[PDB]
Asker: 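Below is the structure I would like to discuss, written out as structure tokens.
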Amino acid sequence: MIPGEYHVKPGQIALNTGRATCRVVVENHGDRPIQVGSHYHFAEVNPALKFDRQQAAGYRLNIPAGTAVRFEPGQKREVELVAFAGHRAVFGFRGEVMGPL
Amino acid sequence: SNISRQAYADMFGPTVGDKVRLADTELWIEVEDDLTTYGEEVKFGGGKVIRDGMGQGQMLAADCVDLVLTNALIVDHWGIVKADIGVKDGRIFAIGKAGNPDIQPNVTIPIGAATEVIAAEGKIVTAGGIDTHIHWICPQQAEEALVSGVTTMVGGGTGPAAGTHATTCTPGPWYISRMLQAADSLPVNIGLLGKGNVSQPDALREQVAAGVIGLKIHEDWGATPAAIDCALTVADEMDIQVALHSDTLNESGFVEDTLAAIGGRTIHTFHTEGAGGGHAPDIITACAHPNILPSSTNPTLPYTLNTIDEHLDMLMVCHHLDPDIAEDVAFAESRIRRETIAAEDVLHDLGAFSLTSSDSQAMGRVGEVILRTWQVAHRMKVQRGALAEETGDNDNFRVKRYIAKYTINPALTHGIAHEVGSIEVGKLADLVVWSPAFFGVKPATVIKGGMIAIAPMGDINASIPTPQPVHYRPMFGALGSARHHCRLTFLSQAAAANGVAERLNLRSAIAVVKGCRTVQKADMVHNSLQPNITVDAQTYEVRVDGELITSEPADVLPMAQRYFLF
Amino acid sequence: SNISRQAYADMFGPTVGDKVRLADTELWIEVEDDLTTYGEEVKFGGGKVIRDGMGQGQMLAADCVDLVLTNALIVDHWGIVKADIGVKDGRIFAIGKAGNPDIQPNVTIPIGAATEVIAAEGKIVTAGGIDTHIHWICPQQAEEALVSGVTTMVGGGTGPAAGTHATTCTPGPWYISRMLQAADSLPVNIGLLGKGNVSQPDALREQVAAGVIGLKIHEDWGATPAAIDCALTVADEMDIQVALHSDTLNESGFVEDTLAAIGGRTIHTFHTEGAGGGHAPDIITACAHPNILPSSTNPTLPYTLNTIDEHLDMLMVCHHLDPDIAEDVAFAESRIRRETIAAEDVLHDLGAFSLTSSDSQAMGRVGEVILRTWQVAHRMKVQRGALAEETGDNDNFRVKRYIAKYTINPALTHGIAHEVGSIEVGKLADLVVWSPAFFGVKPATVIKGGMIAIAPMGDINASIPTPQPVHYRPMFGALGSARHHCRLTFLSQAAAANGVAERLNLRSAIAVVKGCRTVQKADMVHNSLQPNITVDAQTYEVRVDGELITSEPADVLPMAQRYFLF
Amino acid sequence: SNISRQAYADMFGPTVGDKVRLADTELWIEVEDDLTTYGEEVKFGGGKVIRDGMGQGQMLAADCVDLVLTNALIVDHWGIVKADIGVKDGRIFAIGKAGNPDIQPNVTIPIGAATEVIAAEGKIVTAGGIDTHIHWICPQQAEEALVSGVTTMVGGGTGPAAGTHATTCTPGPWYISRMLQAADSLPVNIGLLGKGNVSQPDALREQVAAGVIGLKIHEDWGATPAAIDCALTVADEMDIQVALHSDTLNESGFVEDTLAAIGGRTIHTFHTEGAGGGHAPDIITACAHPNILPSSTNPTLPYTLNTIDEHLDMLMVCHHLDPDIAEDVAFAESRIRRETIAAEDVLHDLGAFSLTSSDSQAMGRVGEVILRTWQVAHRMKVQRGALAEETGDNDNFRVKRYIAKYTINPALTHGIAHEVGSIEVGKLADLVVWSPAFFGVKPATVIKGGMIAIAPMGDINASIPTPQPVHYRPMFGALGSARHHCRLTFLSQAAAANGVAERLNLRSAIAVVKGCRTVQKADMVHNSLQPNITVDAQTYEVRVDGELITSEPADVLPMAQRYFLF
Amino acid sequence: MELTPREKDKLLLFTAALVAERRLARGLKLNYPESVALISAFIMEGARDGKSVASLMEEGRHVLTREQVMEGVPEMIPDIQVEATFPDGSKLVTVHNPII
Amino acid sequence: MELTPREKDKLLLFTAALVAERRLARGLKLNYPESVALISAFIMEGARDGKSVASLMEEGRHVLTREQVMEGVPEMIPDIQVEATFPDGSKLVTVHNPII
Ligand code: NI
Ligand code: NI
Ligand code: NI
Ligand code: NI
Ligand code: NI
Ligand code: NI
């Protein structure tokens with residue numbers, strides 16, 4: 001007996017089902033580490049991350065909600081992105097959109 | 001992409017089909033539904049979801065909630081569901097999916113600049129408890145009940161005076177006025193009971209007009225048919241409830257005589273099993289009746305190997321009996337009965353008893369309503385197995401049946417279910433957050449009207465809030481004018497119409513009771529059974545349709561020595 | 001039919017001719033009268049008298065009391081009587097016989113639906129104590145005094161500041177206003193003393209107009225004839241009292257010079273024996289005068305084998321003297337004198353000293369006014385035997401003489417006897433309920449203005465209120481707006497006329513002092529002796545009509561180690 | 001005639017040229033000036049100066065102070081001076097020479113009948129501390145900070161909720177209104193910070209209009225350039241301050257990107273060293289900028305042999321990292337750096353960091369702002385010797401440099417220096433009295449708005465206030481309506497103009513912030529250095545003009561084990 | 001520990017009993033509060049051990065005798081009552097006439 | 001003594017640990033609050049002795065074993081945290097997985 005223990009049903013959960021996705025190669029050209037959270041507007045990340053910003057427009061990382069991807073200086077990764085939903089309106093970040101898209 | 005269900009449960013709390021053990025009991029809940037969109041859960045923190053332009057939007061305060069409890073596992077009479085909970089203007093705004101409509105799908109709880117976050121992933125969230133058998137013996141009972149997860153206290157008294165030590169009565173306009181004033185200082189919602197025992201209705205109408213939401217008929221003030229009839233007549237006129245502690249002595253009649261005096265009118269029978277008071281040996285038969293809302297008090301919950309020794313002596317001490325007088329011993333033996341104490345647990349399991357309560361410091365423990373309700377559910381699963389209503393390999397229906405006993409059923413009985421008693425839209429945001437290992441015993445956060453009112457708290461001078469010693473400390477929801485905004489004082493319709501709140505300069509928010517007379521046994525959520533119950537005058541055996549109703553006493557209980565320092 | 005007197009006393013408390021030991025002292029009270037009709041006593045509980053149509057009637061709230069203390073053994077300056085006490089609208093309604101006029105004879109205290117019950121059978125009930133030598137060093141002194149049975153505190157100060165550590169003075173309109181505001185938070189009635197030492201009367205009139213009910217002349221602010229004269233002139237104009245701590249140093253004159261400056265005007269002499277302050281060695285001679293109301297402070301009460309060692313050092317510590325300077329030692333030896341400390345106890349026994357008080361945290365113990373008054377009475381019975389006024393085989397007159405010292409005589413001295421100081425009809429219902437074994441040391445219930453304000457209370461979560469740990473906890477009469485309704489802030493006539501209560505938004509009930517100038521030694525209840533007293537300048541011996549007044553120091557006292565944990 | 005300087009110092013406290021050790025540190029202050037006239041010092045007590053016609057005059061209340069602190073040794077940013085301090089109407093009236101103009105020369109602080117006395121001879125008196133990094137996790141933090149000598153608390157939160165555990169944010173009009181109401185109950189001046197992270201300015205203007213005096217940008221709500229820009233735009237419109245906890249993750253840009261987003265606008269950078277949060281590894285470079293007011297939080301103050309082990313683990317626990325994930329370990333190692341923690345102490349010593357603060361219960365100790373500031377000064381004297389600004393054989397300039405960090409510089413940063421932050425005429429009388437042996441650790445008296453609010457206090461029932469146990473107990477300045485009169489709730493200009501105080505029925509005195517945008521690094525008293533600072537991306541070494549800035553970790557500190565029971 | 005008010009209140013009782021235990025070990029005759037604290041704390045420990053309510057109602061009568069307490073203390077204590085968490089939850093123990 | 005609130009709060013922790021220490025000496029399996037109190041107080045004494053934070057993070061894992069505590073108690077205590085005054089001021093000690 002363990003107080004408050006879970007008996008999780010074994011299996012898997014599919015995330016962001018039915019949503020458009022794309023893959024982009026990213027490289028940290030900066031000299032300091034960069035970590036990006038699941039819901040950040042990927043096209044507006046730190047300018048030291050080099051990738052196809054046009055392809056990334058209106059996308060975020062396709063990872064579990066609340067998690068993040070880390071890029072050490074010089075690190076390269078191909079990341080998977082998922083399109084924003086709802087109204088598809090972007091406000092904040094580096095102030096590059098500030099409206100629909 | 002995919003995530004394993006174990007990793008998902010670790011990150012966001014359990015989802016559909018996962019099971020959780022309630023504290024150290026044998027009770028297991030199963031998540032029935034989950035209102036999220038997988039991948040779009042909101043979590044707060046560094047690099048997390050609830051951040052500007054992400055899970056937090058651009059909306060003005062009028063367009064978002066003031067508080068979101070993220071990833072809560074709700075346990076309520078209506079379901080065991082995973083959801084975000086939104087609170088706005090001190091009330092439950094929605095149960096659903098929180099976030100930002102600008103970038104997320106299916107958002108029903110908008111999060112903005114004006115939104116605070118409570119992280120409920122991995123926690124169980126319930127409504128605040130409602131204890132309707134309070135003796136206002138001392139004000140320290142309020143923090144004691146609040147820490148246990150009880151947010152509303154209905155009862156009577158004036159402090160540590162003989163009348164209050166024995167009865168839940170606040171006698172007369174003067175004491176009623178003083179207690180409504182004192183109530184503003186306590187971090188729980190309060191409604192008062194007046195002294196119901198009189199045969200002149202105007203002496204009752206005056207008390208209701210002064211502020212009481214109900215009248216208590218107690219045998220120590222004469223629980224006669226004429227007094228009961230008078231109190232019910234006034235209750236029917238003024239939309240307030242009558243609570244009853246009947247004539248144990250059978251002085252004025254037997255239980256059938258009190259039932260005839262009630263004459264099918266609505267009444268709340270306190271400690272229906274009878275150890276706490278009532279026609280000896282058969283007050284328990286009141287639970288057969290459609291107009292009776294029956295509660296138990298807690299020292300007899302559940303039946304244990306120390307119950308009888310403890311109670312026989314507890315009664316001898318309270319009543320100054322002395323084991324040497326045969327008639328005092330005959331009285332004590334007619335009131336404390338293993339037959340009815342054992343049957344009571346089964347009657348709760350069957351839904352024939354509808355409420356639990358304390359009887360605070362008057363044959364009852366104010367901090368133990370919730371944990372003893374769960375101890376009964378545990379003992380009943382152990383002895384009886386699955387309820388007939390149970391679907392699936394879980395105890396969900398038994399859990400819903402029992403949580404209703406200290407939440408929605410006391411609220412319906414006392415005409416306050418429009419304000420409190422459940423997690424439902426428009427109700428006051430009285431919520432309790434529990435870590436599953438401490439469910440029912442030691443809550444993580446107790447919320448009053450949208451503000452945290454009490455919670456465990458570690459060293460004040462520490463670098464973080466978690467270092468020792470961790471003990472319950474009152475929070476901002478329990479301070480001065482914030483407390484007043486976040487609690488309710490319940491008044492009768494007559495007191496509200498007469499401007500009692502303004503006259504007494506009551507500072508707290510006011511609510512008015514209604515529906516005290518229309519409520520019946522059939523309205524008790526998951527606990528509407530009207531058994532054909534009998535009690536043998538000689539042996540005290542309880543039978544339903546001639547079948548013996550009994551149980552075995554526990555040697556060891558969960559929610560006990562693993563948790564408490566003393 | 002008949003009942004034995006032993007069985008009667010066990011059931012209802014003692015009756016006429018029965019005697020009771022006060023705590024563990026050698027003092028015995030005898031019941032002088034009993035206002036009941038035998039067989040018609042009211043008792044509350046199961047099957048008891050106070051029930052609908054029985055000892056409880058059909059009357060409306062305006063026609064019955066709010067609270068009845070049943071079968072109380074009253075100990076007050078006027079009698080040691082068995083009676084029921086009725087309280088209504090926060091005031092003493094009657095002392096007599098409670099019940100229902102519909103079925104009972106001789107009822108003077110009607111009990112109805114609106115009546116709460118306090119069971120006083122087997123208990124002693126007294127008025128609340130009145131301590132008029134409070135230094136407002138810290139607010140924690142209020143609960144400390146209330147627990148000891150003191151319901152009114154008159155004094156001065158602003159907190160733990162040098163001026164207040166030394167003197168009972170709240171200097172100036174600003175601090176007076178802040179302290180009257182702070183007073184609303186404390187569960188005791190309060191009146192403030194201003195700084196009396198000035199020779200410009202307008203600087204005194206401003207303080208009285210701001211709210212003070214008296215002015216303290218203290219030697220640390222210059223207790224000169226001109227300052228004393230100015231304060232008395234203002235007092236005579238404004239109907240407020242002057243409290244005096246005279247010129248110990250004899251700097252401005254000797255005791256006769258201060259007496260000439262007073263010029264027959266009314267004045268309260270604090271710590272008249274002089275260890276607490278005053279003309280060395282002969283301030284005690286002030287008790288001969290008709291215009292002087294003399295009190296003692298408590299560390300010299302009664303004289304014990306540890307008194308001198310304790311005081312000589314206590315004075316050295318307070319004044320930063322150091323045993324190495326001969327003049328500092330000469331000062332200390334001129335102030336602490338076994339001759340006057342021993343005489344003081346006898347002067348109390350003879351009624352030459354009229355009041356007791358603390359001198360709280362400034363050479364005085366705030367929780368010990370009552371128990372030390374009784375220790376003196378005990379030590380005096382032991383050493384002197386019966387008082388000349390004593391009738392019967394009891395200590396009733398000595399008991400009445402001593403209880404008046406901390407109840408009615410401080411109230412008369414400070415012009416508040418119209419509101420407090422005794423159990424008399426129309427006075428505020430400040431009452432203390434005592435179990436005889438704990439009389440004077442640990443009360444059972446302390447009532448402020450008709451509500452229980454503090455009482456011992458056991459485990460909050462227990463099934464009954466009596467399980468351990470039992471310790472004093474504030475009750476509903478000490479909470480927020482109920483506390484405000486149940487306490488008084490005393491103001492001067494000038495402050496009341498100037499609308500000080502409204503200007504400062506004082507929340508508590510207000511009372512106004514009157515009769516501070518007309519009161520004289522002859523008005524001190526049971527303590528009006530004006531002895532022809534002298535003190536020898538060389539030996540310090542106290543004589544009355546040339547007869548040596550002295551006593552022996554106690555090795556062991558009652559009301560001490562049997563009761564206290566430390 | 002003459003008195004020796006040793007005897008003078010014993011009687012009146014030190015004078016010009018005398019030195020005093022600060023607690024058990026190696027820091028020594030030297031009395032720079034003394035405002036008395038030798039022979040005319042005022043002292044209170046028996047036979048002392050402050051008596052009618054002597055050091056106390058005949059003036060009316062309007063013509064004298066309400067309170068005088070006699071013979072204080074003032075330690076403030078402007079001087080280390082011996083003087084009497086006069087307080088009147090809750091404000092500092094004068095710093096000078098107290099007494100009676102009728103008989104004494106050079107009197108600038110008149111003492112009359114209306115004047116209370118605090119004896120400050122032999123004590124050090126300072127302004128009350130101002131902590132601007134409070135997380136309102138629990139209300140118990142107020143007494144904890146007040147006992148430490150902090151009289152103003154600026155921060156954000158709603159209680160023990162995830163958002164508040166992480167950030168100093170009170171999100172939205174509803175919680176802002178509830179917290180301003182709760183603030184009336186606490187004996188400290190309070191100003192609130194709202195949630196600054198949004199890109200819609202109206203969601204910020206609504207929070208300022210509801211009452212917040214500033215906006216906190218925290219990375220957990222998204223510390224992006226757009227959110228920072230929005231908050232600064234609103235701050236410039238509404239005269240409120242912006243506090244920043246920057247993007248540690250470098251998610252939106254590196255430190256230069258955040259600096260560009262700030263665009264030379266005024267901002268308070270919290271925990272500028274970065275262990276408490278901010279661009280890794282180089283947020284410390286913000287102290288070079290003229291528009292940045294940089295504070296440290298306290299667990300990194302000073303650098304000790306247990307700092308790193310403690311912090312690396314403290315961060316792992318707060319963020320739920322687990323030492324098994326290399327990226328979580330890489331994150332933790334990028335945030336906790338011995339190079340910046342060691343440089344921070346030197347940057348404080350040079351005046352490049354301008355404020356100290358707690359970060360209460362969120363990587364910071366609420367009772368330790370003052371003692372850790374002094375521990376840094378001590379460690380810096382030990383390692384660096386005299387500051388370049390130092391004149392004389394004393395540490396006076398270093399002392400003035402450091403006291404400004406928790407007094408005047410936080411007040412200037414948050415636009416409240418017109419009310420608090422120093423001992424200056426017209427400012428609220430928030431004062432702390434220290435015995436030199438306990439300077440910085442355990443104050444003797446804490447004064448709020450002219451009333452003692454908390455102080456050590458011995459046995460309540462003792463004959464004097466000094467017997468054991470002595471512990472901090474709230475005084476009259478912390479009670480109900482007196483507390484309201486003696487504290488301030490700070491509001492924005494918009495909230496004050498909109499009648500927020502009247503709408504919420506706030507009871508305390510109100511002050512309005514101003515000058516939040518005009519304040520710059522050059523205005524930080526004794527701490528205006530703008531170094532050309534760099535941080536190496538690979539090694540984390542801090543350099544100023546290419547010179548390595550570092551220090552050594554302490555094994556033992558003063559103001560530690562000699563003083564605390566645990 | 002998440003100590004509730006009632007758990008903290010029992011700490012007070014435990015501490016008062018430590019005072020009494022040290023004084024009884026010195027051979028002093030205990031007074032009223034010492035005696036109540038000592039017997040009450042003994043009962044709480046018996047409940048923690050898993051003793052029955054019936055057993056402790058009897059065991060509590062053998063902690064202190066009339067020779068171990070000041071005059072009048074037995075008469076001042078007609079009973080001692082205390083609750084504690086037994087293996088089967090909180091229960092009340094009343095020790096009648098504990099000191100003879 | 002001039003005890004601050006935080007010093008008085010640590011007295012409460014010290015007392016709760018005395019309760020647990022006496023029960024462990026009787027051979028009882030300790031419960032949740034007893035176990036937290038016992039290990040936390042042990043750490044405060046180690047800080048008073050001048051032990052390092054690193055040393056106490058390790059020493060705190062050897063105070064109680066799974067055999068000395070009730071079922072489920074080790075799982076109820078994933079860590080114990082307490083601060084105390086070290087020779088170099090207040091520090092936080094977190095003992096990870098203290099009972100195995
Ligand atoms: Ni009942
Ligand atoms: Ni009851
Ligand atoms: Ni005096
Ligand atoms: Ni005095
Ligand atoms: Ni931060
Ligand atoms: Ni912070």
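Chain letters run A, B, ... following the sequence lines, proteins first and then strands; every chain starts at 1.
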Asker: Top residue by heavy-atom pair count (under 4.5 Å) with chain D, among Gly480(B), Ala462(B), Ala444(B), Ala478(B)?
Answerer: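 If we count pairs closer than 4.5 Å to chain D, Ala462(B) comes out on top.
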Asker: Quick check for you: among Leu204(D), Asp220(D), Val317(D), which has the greatest number of heavy-atom pairs under 4.5 Å with chain B?
Answerer: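 Highest number of pairs under 4.5 Å: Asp220(D).
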Asker: At a heavy-atom distance under 4.5 Å, which candidate from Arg51(B), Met54(B), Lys48(B), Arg483(B) has the highest pair count against chain D?
Answerer: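 Top option by heavy-atom pairs under 4.5 Å: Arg51(B).
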Asker: How long is the gap from OG1 on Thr300(D) to CZ on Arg372(D), to the nearest 0.5 Å?
Answerer: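 Atom-to-atom, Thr300(D):OG1 and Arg372(D):CZ are 8.5 Å apart.
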Asker: Measure the spacing between CD1 of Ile228(D) and CG of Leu215(D) and express it to the nearest 0.5 Å.
Answerer: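 Separation between the atoms: 12.5 Å.
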Asker: With a 4.5 angstrom heavy-atom cut-off, could you sort out which part of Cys318(D) is near chain B: side chain, backbone, both or neither?
Answerer: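 For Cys318(D), the side chain is the part near chain B, not the backbone.
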Asker: Could you have a look at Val198(D), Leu186(D), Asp184(D) and say which one has the most heavy-atom pairs with chain B under 4.5 angstrom?
Answerer: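 Highest number of heavy-atom pairs under 4.5 Å: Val198(D).
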Asker: Would you mind checking which part of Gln141(D) comes under 4.5 Å of any heavy atom in chain B, side chain (CB onward), backbone (N, CA, C, O), both or neither?
Answerer: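 Both backbone and side chain.
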Asker: Check whether NZ of the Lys or CZ of the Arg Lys195(D) lies under 6.0 Å from the centre of the six-membered ring of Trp221(D) and within 45 degrees of that ring's axis.
Answerer: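 Relative to the ring axis of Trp221(D), which defines the angle, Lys195(D) lies inside both limits.
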Asker: In terms of heavy-atom pairs under 4.5 Å, which option from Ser177(D), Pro171(D), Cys169(D), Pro299(D) contacts chain B the most?
Answerer: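 That would be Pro171(D).
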Asker: What part of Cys486(B) gets closer than 4.5 Å to chain D, counting heavy atoms only: side chain, backbone, both or neither?
Answerer: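 For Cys486(B), the contact with chain D is made by the side chain alone.
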Asker: Would a 4.5 Å heavy-atom cut-off, applied to side chains only, mark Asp84(B) and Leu69(B) as touching?
Answerer: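 The answer is no; the side chains never approach within 4.5 Å.
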Asker: At a heavy-atom separation under 4.5 Å, does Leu249(D) approach chain B through its side chain, its backbone, both, or neither?
Answerer: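 Side chain only.
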Asker: So for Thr224(D), is it side chain, backbone, both, or neither that comes closer than 4.5 Å to the heavy atoms of chain B?
Answerer: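 Just the side chain, heavy atoms under 4.5 Å.
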Asker: Heavy-atom pairs under 4.5 Å with chain D - which of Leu479(B), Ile460(B), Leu60(B), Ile452(B) has more of them than the others?
Answerer: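 Top count of heavy-atom pairs under 4.5 Å with chain D: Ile460(B).
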Asker: Can you tell which part of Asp459(B) gets under 4.5 Å to a heavy atom of chain D, answering side chain, backbone, both or neither?
Answerer: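 Contact with chain D involves the backbone of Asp459(B) alone.
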Asker: Assign the ring pair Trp136(D) / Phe476(B) to parallel, tilted or perpendicular, where the plane angle (0 to 90°) is split at 30° and 60°.
Answerer: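 Ring orientation, 0 to 90° scale: perpendicular.
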Asker: Please look at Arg205(D) and chain B and tell me whether the side chain, the backbone, both or neither of the residue comes under 4.5 angstrom of a heavy atom of that chain.
Answerer: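 Neither part, no heavy atoms under 4.5 Å.
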Asker: Is it the case that the side chain of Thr248(D) and the backbone of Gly278(D) share a donor-acceptor pair, with hydrogens and angles ignored and the cut-off at 3.5 Å?
Answerer: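 Confirmed, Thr248(D) side chain pairs with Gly278(D) backbone.
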Asker: Please look at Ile176(D) and chain B and tell me whether the side chain, the backbone, both or neither of the residue comes under 4.5 angstrom of a heavy atom of that chain.
Answerer: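 Neither part, no heavy atoms under 4.5 Å.
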Asker: Rounded to the nearest 0.5 Å, how far apart are CZ of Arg365(D) and OG of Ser148(D)?
Answerer: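 That separation rounds to 14.0 Å.
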Asker: Considering only heavy atoms, which portion of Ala362(D) lies under 4.5 Å from any heavy atom of chain B: side chain, backbone, both, or neither?
Answerer: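 Only the backbone of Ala362(D) comes within 4.5 Å of chain B.
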Asker: Below 4.5 Å from any heavy atom of chain D, which atoms of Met475(B) appear? Answer side chain, backbone, both or neither.
Answerer: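 It is both, since atoms from each part get that close.
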Asker: Out of curiosity, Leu67(B) CG to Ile85(B) CD1, how far, rounded to the nearest 0.5 Å?
Answerer: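 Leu67(B) atom CG to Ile85(B) atom CD1 measures 9.0 Å (nearest 0.5 Å).
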Asker: Who wins among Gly159(D), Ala226(D), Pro160(D) for the most heavy-atom pairs under 4.5 Å with chain B?
Answerer: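 The answer is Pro160(D).
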Asker: So which part of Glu251(D) gets closer than 4.5 Å to some heavy atom of chain B, the side chain, the backbone, both or neither?
Answerer: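 Side chain only.
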Asker: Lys442(B): what forms a side-chain hydrogen bond (donor to acceptor under 3.5 Å, both in side chains) with it, not counting sequence neighbours?
Answerer: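 Testing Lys442(B) for side-chain hydrogen bond (donor to acceptor under 3.5 Å, both in side chains), a comparison that skips the adjacent residues, returns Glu7(E).
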Asker: Return all side-chain donor-acceptor pairs below 3.5 angstrom for residues 111-119 of chain B, not counting sequence neighbours, or 'none' if the list is empty.
Answerer:
from, atom 1, to, atom 2, distance (Å)
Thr115(B), OG1, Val65(B), O, 2.7
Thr115(B), OG1, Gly112(B), N, 3.0
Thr115(B), OG1, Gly112(B), O, 3.4
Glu116(B), OE2, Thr158(D), OG1, 2.7
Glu116(B), OE2, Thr164(D), OG1, 2.7

Asker: Just give me the residue among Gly57(B), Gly55(B), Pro474(B) that pairs up with chain D most often, heavy atom to heavy atom, under 4.5 Å.
Answerer: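 It is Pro474(B).
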Asker: Look at the aromatic rings of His133(D) and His271(D) and report parallel, tilted or perpendicular, splitting at 30° and 60°.
Answerer: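 Because their plane-to-plane angle lies in the 30° to 60° range, the rings of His133(D) and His271(D) count as tilted.
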Asker: How long is the straight-line distance from CD of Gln181(B) back to OG1 of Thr489(B), given to the nearest 0.5 Å?
Answerer: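 Result: 10.5 Å between the selected atoms.
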Asker: At a 4.5 Å cut-off on heavy atoms, which part of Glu206(D) comes close to chain B: side chain, backbone, both, or neither?
Answerer: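 Side chain only.
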Asker: Between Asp89(B), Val433(B), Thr466(B), which has the largest tally of heavy atom pairs under 4.5 Å with chain D?
Answerer: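 Greatest number of close heavy-atom pairs with chain D: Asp89(B).
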Asker: Need one label for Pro467(B): side chain, backbone, both or neither, based on atoms under 4.5 Å from any heavy atom in chain D.
Answerer: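 Interface part for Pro467(B): neither.
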Asker: Against chain B, work out which of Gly163(D), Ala162(D), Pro139(D), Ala182(D) has the most heavy-atom pairs shorter than 4.5 Å and name it.
Answerer: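 Most pairs with chain B among the choices: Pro139(D).
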Asker: For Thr170(D) and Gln207(D), work out which heavy atoms get closest and say how close.
Answerer: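 Shortest heavy-atom separation between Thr170(D) and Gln207(D) comes out as O-OE1, 3.6 Å.
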Asker: Just give me the residue among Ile447(B), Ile50(B), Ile464(B) that pairs up with chain D most often, heavy atom to heavy atom, under 4.5 Å.
Answerer: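 With the most close heavy-atom pairs to chain D, the winner is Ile464(B).
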Asker: Decide if the gap between the ring center of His135(D) and the ring center of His165(D) is smaller than 6.0 angstrom.
Answerer: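 For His135(D) and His165(D), the ring centres are not under 6.0 Å apart.
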